[PDB]
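This document opens with one chain alone, in structure tokens, the form deposited in one PDB entry.
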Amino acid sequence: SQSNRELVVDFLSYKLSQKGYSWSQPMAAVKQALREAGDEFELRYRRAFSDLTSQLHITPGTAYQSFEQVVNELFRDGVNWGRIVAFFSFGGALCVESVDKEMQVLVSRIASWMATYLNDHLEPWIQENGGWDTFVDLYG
């Protein structure tokens, strides 16, 4: 049902693009800006970022609470957009590490942890600081 609605959207976007028309989904610009910000972040802050990624190794036994503890330090005295990009890059690095160590199954678990931590901690800050649209225009 959600699956069948995504198939429809995908097909119609493809067909409209093929005929010279762009049917932009609401989050397209946000997803692009965040891919670009994460790339720039990992290129600018390699050493500092390695100090953050060194704080957590996820195994099949790991509970959300261990992830939440490390991310709570990142946001202990508040949220900013740079720390949100760090959060996304951190989750990326944990997924790459998981696949390196033949624990592919943990990628969907880490994804669910990130979505949980966004819902609980970051989305309420986002809504009072301009939304994802502000993040898009700040990254330029």
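Residue indices: 1-based, along the sequence shown. Definition used throughout: the rigid core is the maximal C-alpha set that superposes within 1.5 Å between two forms.
Below, we refer to the form deposited in another entry, which is not included among the displayed structures.
Engineer: To test your reading of the superposition: with the rigid core aligned, which of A63, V99, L43, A111 moves its Cα by 2 angstroms or more between the shown form and the other one?
Structural biologist: By this measure, the answer is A63.
Engineer: By the 2 angstroms cut-off, has the C-alpha of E128 moved between the shown form and the other one once the rigid core is superposed?
Structural biologist: After core superposition, the C-alpha of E128 moves less than 2 Å between the shown form and the other one.
Engineer: Tell me whether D133 and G20 end up closer or farther apart in the other form, going by their C-alpha atoms; the shift is 3 Å or more.
Structural biologist: Farther, not closer.
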